[PDB]
Every structure is written in C-alpha cells, then in structure tokens.
Amino acid sequence: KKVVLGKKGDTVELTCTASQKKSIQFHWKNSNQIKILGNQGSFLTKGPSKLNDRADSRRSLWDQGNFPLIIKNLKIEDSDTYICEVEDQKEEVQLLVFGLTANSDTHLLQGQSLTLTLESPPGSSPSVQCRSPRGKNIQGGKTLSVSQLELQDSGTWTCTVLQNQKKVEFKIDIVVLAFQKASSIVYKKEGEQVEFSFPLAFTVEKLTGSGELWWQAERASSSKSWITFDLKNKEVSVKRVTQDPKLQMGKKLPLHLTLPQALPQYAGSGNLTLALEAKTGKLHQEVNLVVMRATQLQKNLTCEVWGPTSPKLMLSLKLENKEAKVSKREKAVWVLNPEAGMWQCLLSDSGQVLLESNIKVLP
C-alpha cells in the first residue's frame, strides 16, 4: 500500500528491490495489467503503455537487485497503482501526480487577487496549504484564492499538498508591481520650493503606461485640478494638463512632481493613480501638502498652517530666546505685540517638531 506523490512535469523513481544483489527478471505493470517496462536478460523492454516514451529504469542498479521505474515529464494521468513483479513476488505502489498553477502568468498589482488551482487525479482529495514571502497563509482543496495581494507577497510562494499522510512541495514565483509608499507627506512653508517623489521597481514591457495625479486643495473645492503623464521605458512625459500652478515633471523614470514655490493654497490631499498594462490594473499612492505662513501684520504678528494638519497637533510662536509666547492646538494662531527676536513658528504633534518658520520683529 506504498504511496508516492509526483509533481506534474517532474521525474519520479518508483523502487523495486529483490532479496539478492543480482540482476533477475523483473516487470513493471499498472493496475490494468498493461506492461510498462521490464528486462529480457540485460536488455530493457518497454510495453504498449501510455508511459512508453517517458519510462526508463537504471540498468546500472540491476546487478544490485534494484529495478526502478523512472517516469519523466509526469502527467496527471500517470496517476495509477504500479506493480513490480520480481522473484514470484509483487511490490505495489500508488503514484499520485499533482500540478499547481497560478491563474496568472503575468505580473500582478497590489490589491489584485491571486488564485492557485491544484490539478489532481480522479478519486484523490488532497489538502493544500500555501504561504507567501510575507507569511500570508491560505488553505483549501481544489482552489486557493487570496483576495488582495500585498507588495510583500511578491516572490516565491511555497505550497504543500497533503495526500495519504504524504506531502509534496510546489514553489511558485509571483510578480506584482506596487508603489513603495502609501501616504507621502511634505511639510513646507509659504515659499519653500516643494518636491514630491513616488518610486516603482524598474521593469520593461512594450506600449505600457500613463495616468495622472488628482488634488483636493483645502477649501478650494475647485477640483478637476491635475497633471497628466504618459510613460514608456525610462521615459516619462506630461500628456498634457498641469495649468493652475507651474508643476514641473521629469523626463526620467524616478518621477518628481515638482512644486515651484509652496504657496498657501496648494495644501491638501491627492491621489497619484498609475495604470499600465499587458493585462492592466491601476496603482495608487497618496500625496499630501501642508504650508506654514509666518508673517507680522504691522507692529503685531501671526502665522498659520494650511493643509492636512492633525487635530492632535499644536502651533506655537515664541521669539526663540524665552519660552512659549503662545501655545495652542489650531492652524491660525496670533501673537499681538511682539518684541525683538528671530521668532519661530512651530507645528508638531506629540513632541517632535514638524514645521518651523523663522521671522524677526523690529523695535
């Protein structure tokens, strides 16, 4: 009742051993008495089975009393019981051949699904467990499906098939393209020339990609504001659009959404959607910009932080020398009546300083 598990397209070696270390008559048959292979003296014979072109022995072991059935390029339909007849005795082995394929041979996107399908012989009911590089585990029988892939799922998945207390292992390479950042965030001040950056992971491929960035300026519901770009290899180019501010873009693959001067109205969220192909999908990665404006009215001052600020942060204005001239939790604080000193406006949260903008007072 011996059981051997094979992999589709692999080779297997089914063993037969005589009592004595000498070459004797042996023959391999299947469960329907179809001759696979045997010897005639020292010679190999092959029977009229469907295995004929893929069956062999190792004749260098026959003088050792070993008469193996080697089957290459295993097919699912090679699953059968095989019998070696040697010295008036029968040695029985059940071969079960499995195959395991991803439903996609092409690179996948983050958030897209992955489905593995186990090819199995009639009358077998195996369990399957597969594990991604990140440790994601999926279990099943015929089909195993992960709803949403993570970037960290890219690489070699290891799948174990369990059948008859035996197991066999499949390694499947999964390739997906994903952004290397979720919410990028830049804290600048009325003036500071803003830069943004969203990287990928090299790739080639033909006619392949273009999308655009969308922005929700703070208060200025005046949306539909954007920039459109087409890509091909290490070549990028603005399809058209931009307008509104002077956003400049690069000619080179490592995308740099440039914002000439960080003016106050350019604060808010944004989604940079990328979508290429062969068998498309669309990447996304968030973008956000905050601005701080430290400016003394007349003999009295004020400063304010626009954009995506947290209801957890604080703002403060002091003349650096001495401590807190005004501390608070909001985006538009004021300090009426300042004294000479190179004042610092401070935006943070918890403790670590986020935005810092210096400015002096006169008398």
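Each chain is numbered from 1 in the order of its written sequence, a scheme that can depart from the entry numbering, and any residue without coordinates is omitted. The full assembly is larger than what is shown, and all values describe the shown chains rather than the whole. Side-chain measures here rest on the full set of heavy atoms in the structure, leaving out hydrogens and waters. Residues with missing side-chain atoms are left out of burial classes, side-chain pairs and their counts.

What the entry reports as its method is cryo-EM, with 6.8 Å given for the resolution.

If you check the PDB entry, the protein chain appears there as T-cell surface glycoprotein CD4 from Homo sapiens. In the PDB, the title recorded for this entry is "Initial contact of HIV-1 Env with CD4: Cryo-EM structure of BG505 DS-SOSIP trimer in complex with CD4 and antibody PGT145".

*Asks:* I'd like a description of the overall build of the protein chain, backed by residues and values.
*Replies:* Looking only at helices and strands, the protein chain features zero helices and 31 strands. For a compact globule of 363 residues, the expected C-alpha radius of gyration is about 21 Å, and the protein chain comes in at 35 Å, more than 25% above that figure. With respect to the principal axes defined by its C-alpha atoms, the protein chain has extents near 115 × 45 × 35 Å. For the protein chain, the share of sequence-separated contacts (at least 6 apart) that also reach a separation of at least 24 residues comes to 51%. Only DSSP runs of H or I covering at least 4 residues are called helices, and only runs of E covering at least 2 are called strands; the numbering of each starts at the N terminus. Just to be clear, the radius of gyration here is over C-alpha atoms, and the globule rule we use is 2.2 Å times residues to the power 0.38. Residues are treated as being in contact if the distance between any of their heavy atoms lies within 4.5 Å.

*Asks:* Could you give an account of unusual backbone geometry, with specific residues and numbers?
*Replies:* For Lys-224, which is not a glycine, the phi torsion comes out positive at approximately 75°. Mapped onto the elements of the fold, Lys-224 is located in the loop between strand 20 (209–217) and strand 21 (226–231). Of note, the phi angle at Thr-242 is positive, near 140°, even though the residue is not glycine. Its place among the elements puts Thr-242 in the loop between strand 22 (236–241) and strand 23 (258–259).

*Asks:* How would you summarise the UniProt feature "domain: Ig-like V-type" in the protein chain if you had to cite specific residues and measurements?
*Replies:* UniProt positions are given in the numbering used here, feature names are shortened, and annotations may be inferred rather than shown by experiment. In the numbering adopted here, UniProt assigns the feature "domain: Ig-like V-type" to residues 1–100. Segment residues 1–100 splits into 0% helix and 48% strand. End C-alpha atoms: 25 Å apart.

*Asks:* Talk me through the environment of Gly-307; I want residue IDs and the actual numbers.
*Replies:* In this fold, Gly-307 is placed in the loop between strand 26 (301–306) and strand 27 (315–318). With 215 residues separating them in the primary sequence, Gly-307 and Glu-92 have C-alpha atoms 75 Å apart. Beyond its immediate sequence surroundings of up to four residues, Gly-307 is in contact with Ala-267, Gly-268, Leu-289 and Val-290.

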